[PDB]
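The structure file structure_17.txt is reproduced below (compact mmCIF, C-alpha atoms).
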# COMPACT_ATOMS: atom_id res chain seq x y z
CA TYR E 1 4.40 -16.64 5.92
CA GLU E 2 3.15 -13.47 4.24
CA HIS E 3 5.08 -11.87 1.42
CA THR E 4 3.58 -8.41 1.69
CA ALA E 5 5.27 -6.10 -0.79
CA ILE E 6 4.72 -3.94 -3.84
CA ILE E 7 5.42 -5.23 -7.30
CA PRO E 8 6.63 -2.39 -9.54
CA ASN E 9 3.37 -2.13 -11.46
CA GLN E 10 4.65 -1.19 -14.90
CA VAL E 11 4.04 -4.47 -16.57
CA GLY E 12 6.79 -6.42 -18.23
CA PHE E 13 9.22 -5.79 -15.41
CA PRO E 14 10.39 -8.81 -13.42
CA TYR E 15 9.33 -8.59 -9.78
CA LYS E 16 11.57 -10.66 -7.53
CA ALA E 17 10.61 -11.78 -4.03
CA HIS E 18 13.29 -13.50 -1.95
CA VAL E 19 11.05 -14.33 0.99
CA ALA E 20 12.49 -16.92 3.37
CA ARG E 21 10.95 -18.51 6.47
CA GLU E 22 12.39 -20.92 9.02
CA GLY E 23 12.45 -24.58 8.10
CA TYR E 24 12.27 -23.96 4.37
CA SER E 25 14.79 -22.98 1.75
CA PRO E 26 14.97 -19.41 0.44
CA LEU E 27 11.61 -18.75 -1.19
CA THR E 28 11.53 -17.09 -4.60
CA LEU E 29 8.54 -15.44 -6.25
CA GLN E 30 8.71 -13.87 -9.71
CA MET E 31 5.84 -11.67 -10.83
CA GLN E 32 5.06 -9.86 -14.08
CA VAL E 33 1.95 -7.75 -14.59
CA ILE E 34 -0.38 -7.30 -17.54
CA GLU E 35 -3.62 -5.32 -18.04
CA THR E 36 -4.93 -4.09 -14.63
CA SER E 37 -7.11 -1.42 -16.22
CA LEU E 38 -9.44 1.07 -14.57
CA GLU E 39 -12.94 0.58 -16.02
CA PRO E 40 -14.86 3.58 -14.62
CA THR E 41 -18.59 2.92 -14.29
CA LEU E 42 -20.40 5.10 -16.81
CA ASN E 43 -23.84 6.68 -16.78
CA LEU E 44 -24.83 7.40 -20.35
CA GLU E 45 -27.04 10.42 -21.00
CA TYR E 46 -26.83 11.17 -24.72
CA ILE E 47 -27.80 9.72 -28.09
CA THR E 48 -25.30 11.09 -30.60
CA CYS E 49 -27.64 10.68 -33.57
CA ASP E 50 -28.53 12.60 -36.73
CA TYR E 51 -31.51 14.94 -36.93
CA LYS E 52 -34.49 14.25 -39.18
CA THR E 53 -37.18 16.62 -40.43
CA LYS E 54 -40.56 14.95 -40.91
CA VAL E 55 -41.69 17.36 -43.61
CA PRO E 56 -45.01 15.91 -44.83
CA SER E 57 -47.18 16.97 -47.72
CA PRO E 58 -48.32 20.54 -46.96
CA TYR E 59 -52.08 20.87 -46.59
CA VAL E 60 -53.17 23.11 -49.43
CA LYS E 61 -56.31 25.09 -48.69
CA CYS E 62 -57.30 26.46 -52.06
CA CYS E 63 -58.90 28.74 -51.14
CA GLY E 64 -59.17 28.69 -47.37
CA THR E 65 -57.09 28.71 -44.22
CA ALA E 66 -56.34 25.11 -43.40
CA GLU E 67 -56.05 24.61 -39.65
CA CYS E 68 -52.79 23.40 -38.13
CA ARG E 69 -53.31 21.36 -34.99
CA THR E 70 -50.28 20.27 -32.97
CA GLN E 71 -48.54 17.08 -34.07
CA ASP E 72 -46.57 14.65 -31.91
CA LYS E 73 -43.19 15.47 -33.51
CA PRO E 74 -40.27 16.63 -31.36
CA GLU E 75 -39.99 19.81 -33.42
CA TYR E 76 -43.57 19.90 -34.70
CA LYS E 77 -43.67 23.26 -36.43
CA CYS E 78 -46.60 23.87 -38.72
CA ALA E 79 -47.23 27.27 -40.23
CA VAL E 80 -50.27 28.26 -42.25
CA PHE E 81 -48.36 30.00 -45.04
CA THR E 82 -51.41 31.64 -46.59
CA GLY E 83 -51.39 33.31 -49.97
CA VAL E 84 -49.89 30.31 -51.73
CA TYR E 85 -50.12 30.48 -55.50
CA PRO E 86 -49.81 26.79 -56.43
CA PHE E 87 -48.77 26.38 -60.06
CA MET E 88 -47.52 22.82 -60.49
CA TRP E 89 -47.30 20.21 -63.21
CA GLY E 90 -50.35 17.97 -63.04
CA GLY E 91 -53.66 19.38 -61.83
CA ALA E 92 -54.95 22.52 -60.14
CA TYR E 93 -54.08 22.95 -56.48
CA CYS E 94 -55.38 26.50 -56.87
CA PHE E 95 -58.35 27.62 -58.95
CA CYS E 96 -59.03 30.99 -57.33
CA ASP E 97 -57.18 34.26 -56.79
CA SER E 98 -56.45 34.49 -53.03
CA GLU E 99 -56.91 32.58 -49.75
CA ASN E 100 -55.18 29.46 -51.11
CA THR E 101 -52.24 28.56 -48.88
CA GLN E 102 -50.10 25.71 -47.56
CA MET E 103 -50.12 24.60 -43.95
CA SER E 104 -46.61 23.21 -43.63
CA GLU E 105 -45.64 20.86 -40.83
CA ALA E 106 -42.31 19.30 -39.99
CA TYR E 107 -41.18 17.40 -36.92
CA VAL E 108 -37.80 16.76 -35.37
CA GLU E 109 -37.12 13.03 -35.25
CA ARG E 110 -34.19 10.73 -34.56
CA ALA E 111 -31.87 9.16 -37.09
CA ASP E 112 -32.14 5.57 -38.25
CA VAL E 113 -28.38 5.18 -37.86
CA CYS E 114 -28.61 5.34 -34.07
CA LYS E 115 -28.94 1.57 -34.20
CA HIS E 116 -26.00 1.83 -36.59
CA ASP E 117 -23.96 4.12 -34.31
CA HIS E 118 -24.71 6.03 -31.12
CA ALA E 119 -22.76 8.66 -29.22
CA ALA E 120 -22.39 8.03 -25.51
CA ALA E 121 -21.94 10.70 -22.87
CA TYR E 122 -21.22 8.61 -19.80
CA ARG E 123 -20.62 10.34 -16.51
CA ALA E 124 -17.90 8.24 -14.94
CA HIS E 125 -18.03 6.61 -11.52
CA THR E 126 -15.01 4.99 -9.86
CA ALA E 127 -12.95 2.29 -11.56
CA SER E 128 -10.80 -0.55 -10.25
CA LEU E 129 -7.68 -2.35 -11.49
CA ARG E 130 -7.88 -5.93 -12.76
CA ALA E 131 -4.62 -7.66 -13.54
CA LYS E 132 -2.95 -10.81 -14.81
CA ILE E 133 0.31 -11.23 -12.93
CA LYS E 134 2.39 -14.13 -14.13
CA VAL E 135 3.61 -15.56 -10.84
CA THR E 136 6.41 -18.07 -10.55
CA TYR E 137 6.06 -19.37 -7.02
CA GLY E 138 9.00 -21.74 -6.99
CA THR E 139 8.14 -24.50 -9.45
CA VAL E 140 4.60 -23.13 -9.72
CA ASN E 141 3.97 -21.04 -12.83
CA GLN E 142 0.55 -19.45 -13.26
CA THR E 143 -0.84 -16.12 -14.40
CA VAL E 144 -3.46 -14.90 -11.98
CA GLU E 145 -6.04 -12.61 -13.56
CA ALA E 146 -8.22 -11.11 -10.84
CA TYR E 147 -9.80 -7.84 -9.76
CA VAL E 148 -6.75 -6.08 -8.41
CA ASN E 149 -8.44 -3.51 -6.20
CA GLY E 150 -7.57 -5.41 -3.05
CA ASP E 151 -10.97 -6.92 -2.31
CA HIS E 152 -10.63 -10.01 -4.49
CA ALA E 153 -8.69 -12.73 -2.72
CA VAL E 154 -6.93 -14.22 -5.73
CA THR E 155 -6.68 -17.96 -5.22
CA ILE E 156 -3.16 -18.90 -6.28
CA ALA E 157 -2.02 -22.51 -6.58
CA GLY E 158 -1.54 -22.78 -2.83
CA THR E 159 -1.25 -19.01 -2.52
CA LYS E 160 -3.50 -16.04 -1.89
CA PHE E 161 -2.66 -13.02 -3.99
CA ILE E 162 -4.02 -9.71 -2.81
CA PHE E 163 -3.11 -7.20 -5.51
CA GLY E 164 -4.42 -3.86 -4.31
CA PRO E 165 -5.87 -1.62 -2.79
CA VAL E 166 -3.86 0.53 -5.16
CA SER E 167 -3.91 4.30 -4.83
CA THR E 168 -4.39 5.11 -8.49
CA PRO E 169 -6.20 8.36 -9.29
CA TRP E 170 -4.21 8.60 -12.50
CA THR E 171 -6.81 7.15 -14.77
CA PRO E 172 -8.48 8.05 -18.05
CA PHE E 173 -11.53 9.15 -16.07
CA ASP E 174 -12.81 12.58 -16.93
CA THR E 175 -15.99 14.12 -15.59
CA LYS E 176 -17.88 13.02 -18.71
CA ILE E 177 -16.61 10.69 -21.44
CA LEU E 178 -17.96 10.79 -24.95
CA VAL E 179 -17.48 7.39 -26.57
CA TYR E 180 -18.08 7.40 -30.32
CA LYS E 181 -17.33 4.28 -32.36
CA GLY E 182 -14.48 3.37 -30.06
CA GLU E 183 -13.22 6.93 -30.09
CA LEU E 184 -12.73 8.16 -26.55
CA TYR E 185 -13.09 11.79 -25.59
CA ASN E 186 -12.89 13.39 -22.19
CA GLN E 187 -15.30 16.01 -23.48
CA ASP E 188 -17.79 18.28 -21.71
CA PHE E 189 -21.23 16.83 -22.22
CA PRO E 190 -24.02 19.40 -21.84
CA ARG E 191 -27.03 19.23 -19.59
CA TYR E 192 -29.46 16.49 -20.56
CA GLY E 193 -31.59 18.41 -23.02
CA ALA E 194 -30.13 21.93 -23.01
CA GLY E 195 -27.99 22.15 -26.15
CA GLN E 196 -27.21 25.13 -28.29
CA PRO E 197 -28.42 24.76 -31.89
CA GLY E 198 -25.51 23.14 -33.63
CA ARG E 199 -23.97 22.44 -30.24
CA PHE E 200 -21.98 19.23 -29.98
CA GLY E 201 -24.60 16.73 -29.04
CA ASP E 202 -27.89 18.34 -30.03
CA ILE E 203 -30.19 15.29 -29.84
CA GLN E 204 -31.64 14.44 -26.45
CA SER E 205 -30.86 10.76 -25.97
CA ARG E 206 -32.19 9.79 -22.57
CA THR E 207 -32.47 6.15 -23.61
CA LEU E 208 -30.77 4.27 -26.44
CA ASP E 209 -34.25 3.13 -27.35
CA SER E 210 -35.70 6.27 -25.73
CA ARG E 211 -39.00 8.08 -26.22
CA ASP E 212 -38.17 11.80 -26.34
CA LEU E 213 -35.59 14.06 -27.94
CA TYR E 214 -34.44 17.42 -26.69
CA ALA E 215 -33.12 19.48 -29.57
CA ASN E 216 -32.30 23.15 -30.04
CA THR E 217 -31.49 22.48 -33.68
CA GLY E 218 -34.79 23.94 -34.76
CA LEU E 219 -36.33 24.03 -38.21
CA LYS E 220 -37.46 27.42 -39.52
CA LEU E 221 -40.47 27.38 -41.84
CA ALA E 222 -41.59 30.26 -44.05
CA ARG E 223 -44.16 31.40 -46.53
CA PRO E 224 -42.48 29.36 -49.26
CA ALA E 225 -41.61 30.00 -52.90
CA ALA E 226 -44.69 30.32 -55.08
CA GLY E 227 -45.74 27.62 -57.52
CA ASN E 228 -43.12 24.99 -56.71
CA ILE E 229 -44.06 23.10 -53.57
CA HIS E 230 -41.16 24.20 -51.39
CA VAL E 231 -41.91 24.27 -47.70
CA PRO E 232 -38.35 25.26 -46.79
CA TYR E 233 -37.21 24.67 -43.24
CA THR E 234 -34.18 26.49 -41.88
CA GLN E 235 -32.89 23.67 -39.67
CA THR E 236 -29.85 23.66 -37.46
CA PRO E 237 -26.46 22.51 -38.71
CA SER E 238 -25.75 18.99 -37.49
CA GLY E 239 -23.74 18.99 -34.27
CA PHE E 240 -23.42 15.22 -34.55
CA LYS E 241 -22.14 15.98 -38.01
CA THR E 242 -19.66 18.29 -36.31
CA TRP E 243 -18.87 16.67 -32.93
CA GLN E 244 -17.81 13.53 -34.72
CA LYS E 245 -17.04 14.79 -38.21
CA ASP E 246 -14.40 17.34 -37.51
CA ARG E 247 -14.32 16.10 -33.94
CA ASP E 248 -11.19 16.84 -31.92
CA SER E 249 -8.11 14.78 -31.11
CA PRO E 250 -9.73 11.71 -29.53
CA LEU E 251 -9.21 10.86 -25.88
CA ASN E 252 -8.18 7.35 -26.90
CA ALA E 253 -5.04 9.13 -28.01
CA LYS E 254 -3.09 11.25 -25.54
CA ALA E 255 -3.01 8.70 -22.75
CA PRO E 256 -1.84 10.51 -19.60
CA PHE E 257 0.35 8.26 -17.48
CA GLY E 258 1.14 6.35 -20.68
CA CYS E 259 -1.84 3.98 -20.64
CA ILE E 260 -3.60 2.05 -23.42
CA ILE E 261 -7.31 2.90 -23.42
CA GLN E 262 -9.82 0.54 -25.04
CA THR E 263 -13.59 0.41 -24.79
CA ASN E 264 -15.56 -2.67 -25.15
CA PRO E 265 -16.03 -1.45 -21.66
CA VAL E 266 -13.98 1.72 -21.32
CA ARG E 267 -10.85 0.60 -19.47
CA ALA E 268 -7.16 1.35 -19.75
CA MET E 269 -5.09 -1.80 -20.25
CA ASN E 270 -1.31 -1.68 -19.81
CA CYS E 271 -1.59 1.53 -17.76
CA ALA E 272 1.99 2.13 -16.62
CA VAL E 273 1.24 3.82 -13.32
CA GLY E 274 2.33 3.12 -9.76
CA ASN E 275 3.29 -0.06 -7.98
CA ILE E 276 0.82 -2.87 -7.34
CA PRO E 277 0.44 -3.44 -3.59
CA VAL E 278 0.40 -7.21 -3.26
CA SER E 279 -0.04 -9.38 -0.18
CA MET E 280 0.96 -13.00 -0.79
CA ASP E 281 -0.60 -15.27 1.77
CA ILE E 282 1.74 -18.14 0.94
CA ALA E 283 3.02 -20.44 3.64
CA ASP E 284 6.32 -22.31 3.97
CA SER E 285 4.28 -25.49 3.34
CA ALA E 286 4.57 -25.06 -0.41
CA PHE E 287 8.29 -24.28 -0.55
CA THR E 288 11.19 -26.74 -0.32
CA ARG E 289 12.21 -27.55 3.24
CA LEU E 290 15.54 -26.55 4.75
CA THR E 291 16.42 -30.10 5.76
CA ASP E 292 16.75 -31.34 2.18
CA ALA E 293 18.43 -28.36 0.49
CA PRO E 294 22.03 -28.19 -0.75
CA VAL E 295 24.14 -26.52 1.91
CA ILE E 296 25.96 -23.84 -0.06
CA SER E 297 29.30 -22.56 1.16
CA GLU E 298 32.21 -20.49 -0.10
CA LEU E 299 30.06 -17.86 -1.81
CA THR E 300 32.28 -15.75 -4.06
CA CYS E 301 30.69 -13.73 -6.87
CA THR E 302 32.45 -12.33 -9.93
CA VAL E 303 32.07 -9.24 -12.11
CA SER E 304 32.39 -10.47 -15.67
CA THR E 305 31.11 -7.38 -17.46
CA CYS E 306 29.00 -4.36 -16.63
CA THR E 307 26.37 -2.87 -18.90
CA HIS E 308 25.11 0.58 -17.99
CA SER E 309 21.47 0.03 -18.91
CA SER E 310 21.17 -3.36 -20.59
CA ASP E 311 18.59 -5.93 -19.50
CA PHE E 312 21.16 -8.62 -18.57
CA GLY E 313 23.65 -5.98 -17.46
CA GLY E 314 26.28 -7.93 -15.58
CA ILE E 315 28.33 -11.08 -15.90
CA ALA E 316 28.12 -12.50 -12.39
CA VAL E 317 30.15 -15.65 -11.84
CA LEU E 318 29.16 -16.86 -8.38
CA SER E 319 31.47 -19.55 -7.03
CA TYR E 320 29.97 -21.75 -4.34
CA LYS E 321 30.57 -25.22 -2.92
CA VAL E 322 27.32 -27.00 -2.14
CA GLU E 323 26.54 -29.69 0.40
CA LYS E 324 23.96 -31.29 -1.89
CA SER E 325 22.20 -30.37 -5.09
CA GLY E 326 19.13 -28.19 -5.38
CA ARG E 327 17.58 -25.04 -6.70
CA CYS E 328 19.41 -21.84 -5.84
CA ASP E 329 17.61 -18.71 -4.77
CA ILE E 330 18.79 -15.44 -6.26
CA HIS E 331 16.81 -13.15 -3.96
CA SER E 332 19.46 -10.55 -3.36
CA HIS E 333 18.83 -7.78 -0.86
CA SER E 334 19.63 -4.87 -3.19
CA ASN E 335 17.25 -2.32 -4.67
CA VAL E 336 20.02 -1.27 -7.07
CA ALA E 337 20.24 -4.80 -8.45
CA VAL E 338 17.90 -7.08 -10.36
CA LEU E 339 18.51 -10.83 -10.44
CA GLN E 340 18.37 -12.30 -13.93
CA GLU E 341 16.28 -15.15 -12.59
CA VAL E 342 15.55 -17.15 -9.46
CA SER E 343 16.81 -20.39 -10.87
CA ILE E 344 20.22 -21.23 -9.52
CA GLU E 345 21.62 -24.60 -10.50
CA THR E 346 23.93 -27.12 -8.87
CA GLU E 347 26.98 -25.30 -7.55
CA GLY E 348 30.28 -24.23 -8.99
CA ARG E 349 30.58 -20.98 -10.91
CA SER E 350 27.00 -20.01 -11.63
CA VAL E 351 27.02 -17.33 -14.30
CA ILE E 352 24.13 -14.91 -13.97
CA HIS E 353 22.89 -11.84 -15.78
CA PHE E 354 23.35 -9.36 -12.95
CA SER E 355 20.86 -6.74 -14.09
CA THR E 356 21.45 -3.34 -12.54
CA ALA E 357 20.65 0.14 -13.82
CA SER E 358 23.00 1.77 -11.31
CA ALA E 359 26.40 2.63 -12.74
CA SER E 360 28.34 1.80 -9.58
CA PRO E 361 26.93 -1.68 -8.94
CA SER E 362 27.29 -3.31 -5.55
CA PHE E 363 24.74 -6.10 -5.29
CA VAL E 364 24.29 -8.01 -2.05
CA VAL E 365 23.38 -11.27 -3.72
CA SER E 366 21.49 -13.94 -1.82
CA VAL E 367 22.54 -17.37 -3.05
CA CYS E 368 21.36 -20.57 -1.37
CA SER E 369 20.88 -18.94 2.03
CA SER E 370 24.30 -17.32 1.78
CA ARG E 371 25.12 -13.85 0.50
CA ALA E 372 27.90 -11.83 -1.13
CA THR E 373 28.57 -8.28 -2.36
CA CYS E 374 29.51 -8.01 -6.04
CA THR E 375 31.04 -4.72 -7.19
CA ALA E 376 31.66 -3.23 -10.63
CA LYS E 377 31.24 -0.28 -13.00
CA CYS E 378 28.72 -0.42 -15.85
CA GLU E 379 28.96 0.75 -19.46
CA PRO E 380 27.62 3.73 -21.41
Could you write out this file's structure as structure tokens?
Amino acid sequence: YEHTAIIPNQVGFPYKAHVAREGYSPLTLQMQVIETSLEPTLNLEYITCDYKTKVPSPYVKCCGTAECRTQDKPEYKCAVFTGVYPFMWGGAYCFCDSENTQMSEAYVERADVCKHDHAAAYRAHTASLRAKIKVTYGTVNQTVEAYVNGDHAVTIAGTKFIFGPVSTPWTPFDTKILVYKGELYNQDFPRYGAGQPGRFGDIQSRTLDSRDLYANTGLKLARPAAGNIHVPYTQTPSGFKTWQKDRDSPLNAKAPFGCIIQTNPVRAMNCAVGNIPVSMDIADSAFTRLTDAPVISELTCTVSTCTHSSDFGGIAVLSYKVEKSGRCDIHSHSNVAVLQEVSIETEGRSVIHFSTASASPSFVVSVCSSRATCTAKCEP
């Protein structure tokens, strides 16, 4: 028919489904999730690169004011530091008393390690879960890995999974994510080209192969030291040297909701949040028919032992006399219980790990189209 339910979407947990239609046997589905991560769509506006000062050879005018036309550099500061007294090693840059000077020009330019490593300030759009649920649909065993936001009709082997539309706002989405070498950071990116000098992210990186560079990390020229050719430039301190080196606790750590973030694309695999809303369009024309199933009778379950919080939990010895052989459904109608499997063998005393986290267990077990109510007390 349509097994419309919610798997408990904290992956690793068994997810039973004792769905039974007329004409068939009891139908048993067993799901287990893995990796339905968010993947918010980024919009990168940043470079995260190191600054560079194109400080060329200063035009000596000896004597004479050398003109300083505007360069094409992103910080193209030239200053006609006049009154330069050039006394150097190997041949007279000054031969007069005054009017000799150095026009000094430097230009802000990008780093060459941007191709080595960038820094990405992506503004995040929405994201959507994508999951691999191992589904045991009777004798079918297959792990369906599809976009789990509800739109993608997951073609099962004779089934139609619809995992989603899940309500998850608990995500690693911030307003702006800085990604740096795999290091995540939900960190406040500035305006595109408005940084403070030495602010975190000083280089304007509109494109990763871009053409401009906003930068408030300005050089500061001066009338330099006499004799030695020192056109000193009081530049900014490197914010990319700071915002990575001596960067904060990275947003890859500190996963709220207990998720596992990872960024080839920035997505949070294993994110233990919520239940997966799943609609199984699966008919009774894949399951075993009711006319050929073993007619179980005399259903009496036992309480062999009770664990308080163990995985297996309970010793459940279910006595049952069967009309014929067959597979036995376990799909008990108890939220306080968890069936150890949906497997059940040819009849007799079927032992079963009656998993139950409740201390006062009373599980209404469904066995072969019959039911019982096992009772017990767990352990500490």
Margin query: Between CA of residue 301 (chain E) and CA of residue 373 (chain E), what distance in Å does the model show, to one decimal?
Written below: 7.4 Å
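Of the listed residues (E:119, E:124, E:188, E:13), E:13 comes nearest to residue 355 (chain E); the distances count all atoms listed in the file.
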Check: E:36, E:236, E:136, E:143: which is nearest residue 198 (chain E), counting only C-alpha atoms?
Finding: E:236
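Taking CA of residue 322 (chain E) as the reference point, CA of residue 283 (chain E) is found at 25.8 Å.
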Check: So, counting only C-alpha atoms, which residue among E:60, E:372, E:328, E:55 is closest to residue 227 (chain E)?
Finding: E:60
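Considering only C-alpha atoms, the residue among E:367, E:38, E:273, E:260 positioned nearest to residue 298 (chain E) is E:367.
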Next item on the list: For CA of residue 144 (chain E) and CA of residue 35 (chain E), quote the distance in Å rounded to one decimal.
Entry: 11.3 Å
Note to self: Using all atoms listed in the file, which protein or nucleic acid residues come within 9 Å of residue 117 (chain E)? Drop anything in the same chain fewer than 4 positions from it, and give the result as a ChimeraX atom specification.
What the structure shows: /E:48-49,113,180-181
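Using all atoms listed in the file, the nearest neighbour of residue 2 (chain E) within the list E:284, E:231, E:89, E:172 is E:284.
Proximity ranking of E:64, E:169, E:224, E:232 relative to residue 257 (chain E) places E:169 first, based on all atoms listed in the file.
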Checklist line | Spatial neighbours of residue 162 (chain E), max dist 6 Å, only C-alpha atoms, sep filter under 2 positions, as a PyMOL selection string | finding: chain E and resi 150+153+278-279
Next item on the list: For residue 325 (chain E), work out the shell of residues within 8 Å, counting all atoms listed in the file and skipping chain neighbours fewer than 3 positions away, then give it as an MDAnalysis selection string.
Entry: chainID E and resid 293:294 322 345:347
Checklist line | Within 8 Å of file point (-30.2, 18.6, -28.0), counting only C-alpha atoms, expressed as a ChimeraX atom specification | finding: /E:192-197,199,201-204,213-217
Checklist line | Selection as a PyMOL selection string: residues within 6 Å of (25.7, 1.2, -21.2), counting all atoms listed in the file | finding: chain E and resi 307-309+379-380
Check: If we count all atoms listed in the file, what is near residue 97 (chain E) at a cut-off of 10 Å, once residues fewer than 5 positions away on the same chain are taken out, given as a ChimeraX atom specification?
Finding: /E:62-63,83-85
Margin query: When you look at residue 140 (chain E) with a cut-off of 12 Å (counting only C-alpha atoms), what residues show up, excluding the ones that are within fewer than 6 positions of it in the same chain? I need them as a PyMOL selection string.
Written below: chain E and resi 27-31+134+156-159+286-287
